[PDB]
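**Q** First the structure, which I've put down as structure tokens, then a few questions once you've had a look.
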Amino acid sequence: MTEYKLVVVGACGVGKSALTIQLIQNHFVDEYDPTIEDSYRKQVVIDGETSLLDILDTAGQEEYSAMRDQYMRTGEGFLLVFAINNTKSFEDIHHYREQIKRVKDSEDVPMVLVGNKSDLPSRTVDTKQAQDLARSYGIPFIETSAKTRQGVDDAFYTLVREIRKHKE
Ligand SMILES: *CCC(=O)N1CC2(CC(n3nc(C4CCCCC4)c(-c4c(C)ccc5[nH]ncc45)c3C)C2)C1
Ligand SMILES: Nc1nc2c(ncn2[C@@H]2O[C@H](COP(=O)(O)OP(=O)(O)O)[C@@H](O)[C@H]2O)c(=O)[nH]1
Ligand SMILES: [Mg+2]
Ligand SMILES: [Mg+2]
């Protein structure tokens with residue numbers, strides 16, 4: 001068995017907590033306290049290998065902190081989450097990624113770009129725009145809906161596969 005320390009990053013209101021809770025416990029949270037930052041664990045079987053996902057759902061303040069750098073440095077892989085109906089959250093991805101590259105002191109950190117809220121028709125971020133951004137970073141792009149659970153397992157398992165390719 002292998003342990004994977006994952007970190008979920010993205011602006012307030014993109015669905016980091018909803019995605020994390022859908023993954024760990026299979027239910028959709030309509031509202032979840034934006035101040036609650038916690039780690040959640042779930043044992044899953046990925047590609048026949050038993051894996052333990054230790055997932056840090058970031059929250060709190062959008063400020064620089066050396067203590068936050070310590071928690072980020074423990075992450076092996078990062079889910080970069082934006083909402084497909086919130087262009088600012090998509091534009092913020094570049095800035096969260098820059099902070100992670102700084103803390104990890106590497107240009108090759110395992111990451112997956114996640115376009116959440118795919119069930120909504122009020123889309124403002126084109127699939128082509130998000131695919132182009134993910135290609136520019138050399139990382140996978142996955143569209144998810146924490147509401148219907150579509151793409152949720154794929155998002156986290158894809159990040160685990162990225163960590164495996166990086167370790168090898
Ligand atoms: C509504 C609460 C919520 O859900 N939040 C997610 C969160 C934004 C997130 N966050 N912001 C930053 C920095 C982005 C650039 C300006 C300073 C804040 C980070 C971050 C990262 C990704 C890496 C290292 C680091 N060190 N200090 C801050 C960071 C994060 C995780 C928190 C508010
Ligand atoms: N329709 C829809 N709403 C979502 C989805 N994910 C989150 N939400 C809603 O968006 C809001 C913010 O979600 P939350 O998990 O609190 O975002 P966080 O601030 O990134 O942790 C909540 O009202 C959620 O119910 C989704 O995939 N589809
Ligand atoms: Mg913002
Ligand atoms: Mg949250």
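Numbering starts at 1 and runs along the chain as it is shown here.
Structure method, as recorded: X-ray crystallography, 1.6 Å.
Heads up, the Cβ atoms here are built off N, Cα and C, so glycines get one too.
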**Q** Under Swiss-Prot, the annotation motif 'Effector region' belongs to which of these stretches: 32-40, 104-112, 122-130?
**A** 32-40
**Q** Tally every other Cβ atom lying within 10 Å of the Cβ atom of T35 ((Microbial infection) O-linked (Glc) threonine).
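**A** By my count, 7.
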**Q** Any residues 6+ beyond the ends of the motif 'Effector region' (32-40) with a Cβ under 8 Å from its own?
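**A** Long-range Cβ neighbours of the motif 'Effector region' (32-40): 12-13, 17-18, 20-21, 24, 54-60.
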**Q** From the Cα of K104 (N6-acetyllysine) across to the Cα of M1 (N-acetylmethionine), what is the distance in angstrom?
**A** 25
